[PDB]
Each structure stands twice: as C-alpha cells, then as structure tokens.
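Naming convention: chains lettered A, B, ... in sequence-line order (proteins, then strands); numbering from 1 in each chain.
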Protein chains: 2
Amino acid sequence: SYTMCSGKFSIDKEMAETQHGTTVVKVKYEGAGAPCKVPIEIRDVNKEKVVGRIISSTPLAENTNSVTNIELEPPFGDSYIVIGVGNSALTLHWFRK
Amino acid sequence: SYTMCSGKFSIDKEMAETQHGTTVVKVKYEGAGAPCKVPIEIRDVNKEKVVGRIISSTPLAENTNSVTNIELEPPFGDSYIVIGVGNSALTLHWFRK
C-alpha cells in the first residue's frame, strides 16, 4: 500500500507534552516518494523496540514539504524515538517518571 | 544503534525453504550509509503486519554491496516480505503449505 519513506525529515514543532498523558511532535518531510509512511521506532533504555505505543493513526508524509503530526504514549523510563532512516534520521528522547 | 537503511536492495539468492520450518533469503544492499539495519516487514494475506517471525538477529548490511542472510518464519498461507524503504523496496511473496 505505501512503503516507508527513504528521505529526510526535519523537526517542525518541538516535542511537547499534551493535556493528556501524551507526546506530540511535528515533522516536515523533505524527501521523495510521498505519499509514504513515516518510519517510527520507539526504543527502551536497552536498545529494544517498544510496540503499540503509537497513538496516531498510521502515520504518513503526504507530500514533499508536507507536515506530519505524531502522537505517542511513551513508555515508562527512558525512551528514544527514531524517525526516518539513514544518517538523516532524527533520534529523540523522552523521560517518563 | 544503527539506523535503518535508506538504500536499495537486490536479491542475491531467492527465498528458499529449510529442513526446519523456515525460509532463507540473501539480499545485497546497493545503498550507502552502511552499516545499517535491513528494513524487514512480514505481512499476511490481508497485507497486515505480523510480528515475531524474523529468526535471524537483527539483519545488517555491513558495507555497500554487502550480502546478507535473512532467516524468517513465514506464516502459514500467503505472506509478503517487504525489504527496504521507499519506491525501491522489494516485495516478496511466500506461500506456506
């Protein structure tokens, strides 16, 4: 249906907590082959994948220069959010008490 | 850790059944940014993501042109293995009697 985006993402709005438990971040897609899927991995303190943690519906870069809203529910402890692929990828961090 | 590849993959040796209950494939990475983790998704007949079926510990492409070996446990029935990102990602069908 869609494959995962090859290209670069930049941060459009800095990650912030919502009124509910949640975290939101906005990214802008700079690459090609859109529409395509935003690659998102959430990892724990060890290097491990955490599933089921993504609130936003199946998240997509519609176009080059489109903007995607990603809402997550980070797990307890330290977590890292990896957006995109390659050297270009953005690696984010969150702490939940 | 390493990020997922961004580059193109080709098929070094097509997927084949094992003596045990698995298949194996070799893919060659023609992209840059290695070392990088081979992006692998296993999907079902409904094209839905199926989890827990990658046998090999997280497959890597060490270098450009490096060849790789992936051992997977395909679901019974029709399944689809998507390797890589973007327009250039390989899509593979397997059928398990």
Side-chain angles (χ1 to χ4, degrees), chain A residues 1-12 15 25-44 46 49-51 54 58-68 70 79-93, chain B residues 1-7 9-12 14-16 23-25 27-40 42-43 49 53-72 80-94:
Chain A
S1 205
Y2 294 123
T3 54
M4 293 223 287
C5 302
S6 76
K8 169 182 183 233
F9 287 85
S10 55
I11 296 287
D12 188 68
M15 214 189 254
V25 59
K26 289 187 198 197
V27 292
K28 171 192 200 212
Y29 187 52
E30 293 178 24
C36 50
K37 290 192 300 165
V38 189
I40 308 162
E41 295 182 75
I42 291 62
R43 312 197 157 261
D44 70 22
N46 302 120
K49 263 183 170 126
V50 180
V51 297
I54 303 173
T58 228
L60 215 42
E62 301 167 285
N63 314 262
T64 305
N65 307 327
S66 91
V67 158
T68 306
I70 311 162
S79 79
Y80 304 95
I81 296 123
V82 189
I83 302 169
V85 310
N87 301 341
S88 238
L90 303 174
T91 302
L92 292 173
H93 163 269
Chain B
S1 247
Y2 311 102
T3 59
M4 278 193 167
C5 302
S6 79
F9 286 84
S10 62
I11 303 297
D12 192 51
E14 290 264 9
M15 204 174 282
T23 54
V24 166
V25 237
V27 301
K28 176 171 222 221
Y29 183 47
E30 323 186 312
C36 48
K37 311 173 301 161
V38 182
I40 310 167
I42 275 55
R43 273 152 199 287
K49 260 198 98 57
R53 313 240 132 204
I54 290 154
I55 294 294
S56 316
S57 70
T58 131
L60 250 73
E62 296 277 351
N63 304 283
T64 289
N65 291 337
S66 88
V67 187
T68 291
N69 223 58
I70 321 169
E71 191 175 12
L72 324 169
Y80 305 99
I81 301 85
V82 169
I83 284 135
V85 306
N87 274 167
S88 54
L90 305 178
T91 293
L92 296 188
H93 173 250
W94 187 260

Value for CD1 (A:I83) from OH (A:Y29), rounded to nearest 0.5 Å, stands at 13.5 Å
When rounded to the nearest 0.5 Å, the distance separating NZ of A:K49 from OG1 of B:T58 is 7.0 Å
Closest non-hydrogen contact found for B:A61 with B:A34 is O-CB, 3.4 Å
Rounded to the nearest 0.5 angstrom, the CG-CG distance for B:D12 and B:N69 is 8.5 Å
Value for CE (A:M4) from SG (B:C5), rounded to nearest 0.5 Å, stands at 10.5 Å
Heavy-atom closest pair (B:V24 atom, B:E71 atom, distance to 0.1 Å) is CG2-CG, 3.9 Å
In short, A:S6 meets A:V85 closest at the heavy-atom pair O-CG2, 3.3 Å
When every non-hydrogen atom of A:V82 is compared with those of A:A89, the smallest separation belongs to CG1-CB, 4.3 Å
Nearest heavy-atom approach of A:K37 to A:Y2 is CE-O, 3.7 Å
Rounding to 0.5 Å, atoms CG (B:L90) and OG1 (A:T3) come to a distance of 11.0 Å
Rounded to the nearest 0.5 angstrom, the CG-OG1 distance for B:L60 and B:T68 is 7.0 Å
Between B:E30 and B:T64, the two heavy atoms sitting closest are O-CG2, 4.4 Å
Worksheet item: Got B:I55 and B:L72 here, is their nearest side-chain heavy-atom distance under 4.5 Å?
Response: no
* Whether A:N63 side chain and A:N65 backbone form a donor-acceptor pair below 3.5 Å -> no
Discussion item. Any heavy-atom pair between the side chains of A:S79 and A:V50 that's under 4.5 Å?
Written reply: no
Exercise for the section: Compare all side-chain heavy atoms of B:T23 with those of B:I81 and state whether any distance is below 4.5 angstrom. Expected result: no
